């Protein structure tokens, strides 16, 4: 059985791994998930990667594939939501109000860097940059970023204590007890974090639509819900 090839935003690591297993349990169809920043995944797809399903951590990267004709609007829909959080290593005593002018930058200490997804392309980085900008904090940290290849890479920096703070998703924080949530960014500070899922237009996997459809089903949703994603 050709596995359904799912390209999933890095932040979907555990949830999609669980979903892949659960899908195969239910149907006997293996699901092979590849994780990266949604940007990387989208670019890989654009460049011909034979993904069957794409789950992005933002609409923009799905839009990108749509614009490239690789995803049909009919075959995409919003699946999950998240929050954006400021995290610190678990042991960190930092208290930071993202809204307080200069608070994030101060909490970086003398040489600390703010772990973020690469801010141009990685959805978590874009959400982060958007939130930072919106909150007037961007300038204070824009030269103090530890831009990372995905939100999980950013998480890792914080988890490893190599960044005193990072901006990841709420689910990422739940996914790693080695970080703690210092603050949740106001939902008004960034575009809603929405993970669209789409069957790729060119998928030739007979199970692609089934898999995507299945994600609407209670046990599939429950995987994401348990892992701190909001359900769209």
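Numbering follows the first chain given and starts at 1.
Ranked against the other modelled residues of its chain, the C-alpha B-factor of residue 6 as given in the entry falls in the middle third. Per the PDB record, residue ranking by Cα B-factor puts residue 147 in the lowest third of the chain. Per-chain ranking of the deposited C-alpha B factor places residue 176 in the lowest third. Sort the chain's modelled residues by C-alpha temperature factor and residue 207 lands in the highest third, per the entry.
Among all modelled residues in its chain, residue 109 ranks in the highest third by Cα B-factor.
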